[PDB]
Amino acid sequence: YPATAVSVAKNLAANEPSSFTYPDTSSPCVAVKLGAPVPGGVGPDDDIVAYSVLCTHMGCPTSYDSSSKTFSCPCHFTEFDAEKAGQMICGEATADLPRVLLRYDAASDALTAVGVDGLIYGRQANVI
């Protein structure tokens, strides 16, 4: 996997997702500072998480619902919990939403995507 810099923590607005691609331009993802710590979250408040926005059920792009901190898929109504490492709350998928691993460098305050937990939709492997 490549080491793609996503942004500096300071630039992530509270619960305001920021788009980026990983591990390539055909794989759309989003990073978000949840506002309250969660396991696996990084950053000064351990609340920054990142996911592939494509639903692993059939590939539809998911939208981030700020009020519930969940990702919703409009195609067959599957919903993923951004605070539970992408756990599927309800839906037709058979896996958690692919989660992007972010390395946070305190010195530079940088956030670098360095891996993915799970398999992004529409590809034999994460790295094409």
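Note that residue numbering follows the sequence shown and begins at 1.
As recorded in the PDB entry, 32 to 40 is the stretch of 32 to 40 and 71 to 79 with the greater mean C-alpha temperature factor. Residues shown: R103, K84, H57, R99. Highest C-alpha temperature factor in the entry: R103. Per the PDB record, residue ranking by Cα B-factor puts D45 in the highest third of the chain. Among the modelled residues of its chain, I120 has a C-alpha B-factor that falls in the lowest third according to the deposited record.
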